[PDB]
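J.: Before anything else, here's the structure in question.
2 protein chains.
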Amino acid sequence: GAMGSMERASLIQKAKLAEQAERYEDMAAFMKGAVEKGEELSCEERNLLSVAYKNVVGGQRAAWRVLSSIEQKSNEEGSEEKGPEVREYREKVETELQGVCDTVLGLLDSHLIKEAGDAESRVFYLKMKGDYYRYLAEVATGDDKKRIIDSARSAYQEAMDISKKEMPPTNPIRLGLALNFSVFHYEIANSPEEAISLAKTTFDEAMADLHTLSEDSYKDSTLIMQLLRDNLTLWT
Amino acid sequence: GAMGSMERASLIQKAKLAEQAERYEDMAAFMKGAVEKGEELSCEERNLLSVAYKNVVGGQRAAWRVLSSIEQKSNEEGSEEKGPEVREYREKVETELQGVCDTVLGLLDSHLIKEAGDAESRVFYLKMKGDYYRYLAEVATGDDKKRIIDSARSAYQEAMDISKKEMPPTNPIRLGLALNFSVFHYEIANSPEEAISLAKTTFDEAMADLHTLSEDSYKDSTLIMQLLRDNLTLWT
Ligand SMILES: C=CC(C)(C)OC[C@H]1O[C@H](O[C@@H]2C3=C([C@H](C)COC(C)=O)C[C@H](O)[C@]3(C)/C=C3/[C@@H](COC)CC[C@H]3[C@@H](C)[C@H]2O)[C@H](O)[C@@H](OC(C)=O)[C@@H]1O
Ligand SMILES: C=CC(C)(C)OC[C@H]1O[C@H](O[C@@H]2C3=C([C@H](C)COC(C)=O)C[C@H](O)[C@]3(C)/C=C3/[C@@H](COC)CC[C@H]3[C@@H](C)[C@H]2O)[C@H](O)[C@@H](OC(C)=O)[C@@H]1O
Ligand SMILES: [Cl-]
Ligand SMILES: [Cl-]
Ligand SMILES: [Mg+2]
Ligand SMILES: [Mg+2]
Ligand SMILES: [Mg+2]
Ligand SMILES: [Mg+2]
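Sequence order for the protein chains is P and E. Here the numbering used here is used: the first residue of the first sequence is 16, the next is one more, and so on. Here the numbering used here is used: the first residue of the second sequence is 16, the next is one more, and so on.
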């Protein structure tokens, strides 16, 4: 660990600076170093961890999709052989993306999830585990696609069960989990009906719980409810 | 050179793919590898080289400016001591930025400039040399600031002399060189009057040469003339 010699508090401070500078690779490395100090993460610290890797892998996924599209076009009828370069470079990006997902999943397994006892931390980390197996599933094609998909489903499902028992329907973590599990059903598991049912029931049950909330609360929950509505509008 | 085993043509192909995927670090590494094959670069290849490093260093500069601003605020009256972290992380970004500039300058010196005989290639590379010394000047503070500034001025000046002798006033490379030399005068050399004079004469002399051009030509020259006008509007 190249961050082993830096104070935990300094790593957190620098992660916040990297966020302000949109240096997300740095941000992720600082937060990895903070996790590796062995102490549990606070609510604010968990958000820094997830934002950093979301942006790193997000850029890798966007690049992979561009290259995969070029590759597919190059393998159609009437296309001129370009050689191995497109496949090679797509494989390079894919392998780097898989490495980042493996790193995140290793942090969750060593040892964030096992030490997370409160619902808000346990559901948060299990959602992340589902998210990063989902990203692996987006690029998987070999004899492991089915196992990767089931690993994502299993993590999302355990997070769902906890969130329904321990969190109100408007809790932003519960809402973001349901949004992403719904995307998993639609895009990964070939289950659009399940995706639509989950997004609708999640939206409706949150709607009916809004009356319990303060005003300047739940800006993140309003945002996420709109994303559920956006997906239902695209899917129906 | 980690690109030593890849074919030149494959490096160029992958640089174009990286551009489409907005993977500019990859793009720069592929183009560095292509330069290191020892053959001169075509017009299209020179553009790939400059776009790749422009985007890499551009992101580093934007991050450095964010951090430097935070650092300055932290060193004002009434500010709470945050410790060494802001300076440390600004120094980290600064050192990475300087390393990229050094790499580009080394490619120009080994051996792009010495083998560039045509005006369009020689002016192009000398403009790049001025640009990357300018980026070094933006962060320089020690006993080398003056020498760095003069290295930028010297490269821009030699490019200017060639461009005025060998290129029409509407040539896009000549125009972009004048635009950037004007920015050097304004932002680096504390010479706003020189910056304004250069931008105005460049604009006026290009205006008077437009009548020689074809229509679907010079989209890049129209774009650059507008940037000269934009700067004159900001500066006056
Ligand atoms: C990374 C730190 C920063 C940028 C400072 O904060 C990110 C954000 O962190 C919190 O928001 C979380 C959160 C996001 C909110 C939906 C953003 O809301 C607004 C108004 O922008 C998106 C972020 O990625 C983050 C951290 C992700 C999670 C997601 C994590 O799964 C493992 C589950 C849902 C969502 C929850 C955790 C949100 O509470 C806060 O409630 C947000 O504050 C506001 C104005 O709403 C803040 O923007
Ligand atoms: C990197 C390759 C790609 C993205 C394919 O092309 C970049 C661009 O490459 C060319 O444009 C150059 C060029 C740019 C043009 C001003 C862009 O014009 C338009 C319409 O977008 C900006 C680029 O950074 C680039 C390569 C940089 C230079 C600069 C280099 O200094 C060392 C000097 C001025 C300018 C010259 C070289 C331009 O000719 C072409 O003339 C442009 O084609 C069009 C539509 O105008 C193309 O967009
Ligand atoms: Cl590759
Ligand atoms: Cl640092
Ligand atoms: Mg300590
Ligand atoms: Mg615990
Ligand atoms: Mg060869
Ligand atoms: Mg030559």
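All C-beta atoms, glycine included, are put in the ideal place defined by N, C-alpha and C.
Taking the C-alpha atoms as reference points, what is the distance between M143 (chain E) and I188 (chain E)?
T.: The alpha-carbon atoms of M143 (chain E) and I188 (chain E) are separated by roughly 11 Å.
J.: Quick one: residues in its chain with C-beta nearer than 6 Å to the C-beta of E54 (chain E), no 5 flanking neighbours on either side, listed in chain order?
T.: Closer than 6 Å at the Cβ level, and outside the excluded window around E54 (chain E), lies no residue.
J.: For the segment 29-101 of chain P, which segments carrying the alpha helix (DSSP H) assignment without a break, of at least 4 residues, lie completely within its bounds, in sequence order?
T.: Segments of the alpha helix (DSSP H) lying fully in the segment 29-101 of chain P: 39-50, 58-89.
J.: Check the Cβ-Cβ distances between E60 (chain P) and every residue of chain E, and say whether any is below 8 Å.
T.: No - not a single Cβ of chain E is within 8 Å of the one on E60 (chain P).
J.: Mapping the DSSP letters down to three states, classify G114 (chain E) as helix, strand or coil.
T.: Reduced to three states, the DSSP call for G114 (chain E) is helix.
J.: Once DSSP output is grouped into helix, strand and coil, what is the label at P184 (chain P)?
T.: If DSSP states are grouped into helix, strand and coil, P184 (chain P) belongs with coil.
J.: Going by CA-CA distance only, name the one from E:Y148, E:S232, E:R102 that's closest to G114 (chain E).
T.: Comparing Cα-Cα distances from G114 (chain E) to each of E:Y148, E:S232, E:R102, the minimum goes to E:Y148.
J.: Would you grab the beta carbon distance between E34 (chain P) and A78 (chain E) for me? Rounded to a whole angstrom, and I think it's under 8 Å.
T.: With a Cβ gap of about 11 Å, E34 (chain P) and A78 (chain E) do not count as contacting.
J.: With DSSP run on the structure shown, which of helix, strand or coil describes residue 252 (chain P)?
T.: As displayed, chain P neither begins before 16 nor continues past 251, which places residue 252 (chain P) out of reach and without an answer.
J.: Just reading off the alpha helix (DSSP H) that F139 (chain E) is part of, what are its end residues?
T.: Looking at the DSSP string, the run of the alpha helix (DSSP H) that includes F139 (chain E) is 134-154.
J.: Please list the residues of the segment 132-163 of chain P that have a C-beta atom closer than 9 Å to any C-beta atom in chain E, keeping them in chain order.
T.: Correct list: empty, as no residue qualifies.
J.: Report buried or exposed for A170 (chain E), applying the criterion of at least 16 other Cβ atoms within 10 angstroms of its Cβ.
T.: Label assigned to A170 (chain E): buried.
J.: Since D245 (chain E) is in the alpha helix (DSSP H), which residue starts that stretch and which ends it?
T.: Segment 234-250, the alpha helix (DSSP H) holding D245 (chain E).
J.: Just the Cα atoms here: how many angstroms apart are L242 (chain P) and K129 (chain E)?
T.: Near 57 Å, if we compare the C-alpha coordinates of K129 (chain E) and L242 (chain P).
J.: Pick from P:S57, P:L32, P:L63: whose alpha carbon is nearest that of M46 (chain P)?
T.: Selected option, being the one with the closest Cα: P:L63.
J.: Under the criterion of a Cβ to heavy atom distance below 7 Å, does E55 (chain P) qualify as lining ligand 5?
T.: No, Cβ of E55 (chain P) sits at least 7 Å from all heavy atoms of ligand 5.
J.: What is the C-beta distance between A214 (chain E) and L247 (chain E), in whole angstroms, given that I count them as a contact (C-beta under 8 Å)?
T.: The Cβ separation is near 5 Å, so the contact holds.
J.: What I want to know is whether the C-beta of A131 (chain E) ends up closer than 7 Å to one or more non-hydrogen atoms of ligand 8.
T.: It does: the Cβ of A131 (chain E) is within 7 Å (strictly closer) of some heavy atom of ligand 8.
J.: Tell me the DSSP secondary structure of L228 (chain E) in three-state form.
T.: It is coil, neither helix nor strand.
J.: Compile a chain-ordered list of the residues in the segment 38-62 of chain E whose CB is closer than 7 Å to at least one CB of chain P.
T.: Taking 7 Å as the Cβ-Cβ cut-off against chain P, the residues of the segment 38-62 of chain E that qualify are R38.
J.: How would you list, in chain order, the residues of chain P whose beta-carbon sits under 7 Å from the beta-carbon of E96 (chain E)?
T.: What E96 (chain E) touches in chain P: nothing, since even the nearest Cβ is about 12 Å away.
J.: Using only the alpha-carbon positions, how far apart do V71 (chain E) and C116 (chain P) sit?
T.: Computed Cα separation, rounded: 24 Å.
J.: Shorter than 8 Å from the beta carbon of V119 (chain E) to some beta carbon of chain P?
T.: Not one chain P Cβ lies under 8 Å of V119 (chain E).
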